[PDB]
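Read the single chain below, which is given as structure tokens and is the form deposited in one PDB entry.
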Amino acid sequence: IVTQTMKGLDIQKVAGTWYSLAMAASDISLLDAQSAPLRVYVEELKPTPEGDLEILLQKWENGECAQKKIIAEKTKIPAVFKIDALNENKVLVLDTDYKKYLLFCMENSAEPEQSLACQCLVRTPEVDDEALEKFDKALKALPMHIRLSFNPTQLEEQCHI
């Protein structure tokens, strides 16, 4: 159900180092335990010359932090990509300045609170209230029910432990 998208996105310009500052989901179970489905920690974004998106992240799987590699396929809309996987999962870029934050959402393309998850990406292991403001504003319309935030020390650890 996400209604915000970044106009004139330059997907080449969001490459490099990112930290998952905060996370929010429509249902508590998507982010609840350490091995929840959308409880992922993004490490780096590597956009393909063909404007695709190679995504590096950590995800707590079977009692330990495992580095993952996912591909987001480009789409006729430049802020929306499709993850190459089952049950179709769309990735929407809401807003970014490329150099400080990146607001994106994740939705099992079925409905709003159906299966929704969003994050606040920031380039540094600092908490950025500016980015978090915008993060919560953007989500204000969304049926979010769980919301995480991490501290600098946590951001420098695998799986934010």
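The term rigid core refers to the most C-alpha atoms you can superpose between the two forms while keeping them within 1.5 Å. We number the residues from 1 along the sequence you see.
Keep in mind that the form deposited in another entry is not shown, yet the notes after this line are about it.
- Compared between the shown form and the other one on the core, the listed residues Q67, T124, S35, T48 keep their C-alpha shifts below 2 Å, save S35.
- Relative to the superposed rigid core, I77 undergoes a CA displacement smaller than 2 Å between the shown form and the other one.
- Distance between the C-alpha atoms of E64 and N87: shorter in the other form than here (change of 3 Å or more).
- In summary, the C-alpha positions of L86 and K76 diverge in the other form, ending up at least 3 angstroms farther from each other than in this conformation.
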